[PDB]
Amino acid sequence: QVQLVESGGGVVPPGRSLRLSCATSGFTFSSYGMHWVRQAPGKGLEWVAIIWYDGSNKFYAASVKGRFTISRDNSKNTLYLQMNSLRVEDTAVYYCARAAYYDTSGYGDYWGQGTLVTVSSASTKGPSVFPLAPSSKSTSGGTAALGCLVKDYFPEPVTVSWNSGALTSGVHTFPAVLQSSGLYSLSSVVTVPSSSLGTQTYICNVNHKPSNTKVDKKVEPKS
């Protein structure tokens, strides 16, 4: 019954502002301190801020002081984080946590599901799709690997299908890499019978909703 429901995350350029919200139920909100914690993708937890139950005190990590404001609305059972002057290094999942206290230090007994803040100066860009053509030496037993390289898109996500979803067997679409440019690339590869390369057409279907772009790329054998 203890619920902490976060919203407000999304993709913003550096120097812009975002407000995060943490809407609570299942306990008397006004009796509890609340924290914000963040986690950069692939990294550890970093405490961000606290607000007292009564709003008498607010404390901030040195990394955000002057830029972020924690606040609460007791009538809405809601915690906020106002984030101004966002930097790329603020990119993280932001968690709200209910304050608890033991004897000589505090801890967070319930946590929100998190909201992702992505701070990037990259602009919406549809992918370039290049064919990864199969070997003419038949390479890898009676089975050939062919694919699509989905280059330089922003933001996530892209979806890939083959032959309009009719080819699922031996498909592996790899998670994207994030380049120093701030753009993503990914690849999809399919393992097919070498004997099919003469008679069967292979088309990767790449969909990038954020840029309203779809690419259908025919992947033909080399010689």
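Numbers follow the displayed sequence, beginning with 1.
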(request) Name the higher of the two by mean Cα B-factor in the PDB entry, 133-141 versus 95-103. (result) 133-141
(request) Compare the mean C-alpha B-factor of 104-112 with that of 118-126 as given in the PDB entry, and name the stretch with the higher value. (result) 118-126
(message) Just the C-alpha B-factor column, please: which of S187, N57, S30, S195 has the biggest number?
(response) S195
(request) Among all modelled residues of this chain, ranked by Cα B factor, put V12 in the bottom, middle or top third, i.e. lowest, middle or highest. (result) highest
(request) Among all modelled residues of this chain, ranked by Cα B factor, put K209 in the bottom, middle or top third, i.e. lowest, middle or highest. (result) highest
(message) What third of the chain does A166 rank in for C-alpha temperature factor, lowest, middle or highest?
(response) highest
(request) Tell me, lowest, middle or highest third: where does the Cα B factor of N74 rank within its chain? (result) highest
(request) Within this chain's modelled residues, let me know which third the CA B factor of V177 belongs to: lowest, middle or highest. (result) highest
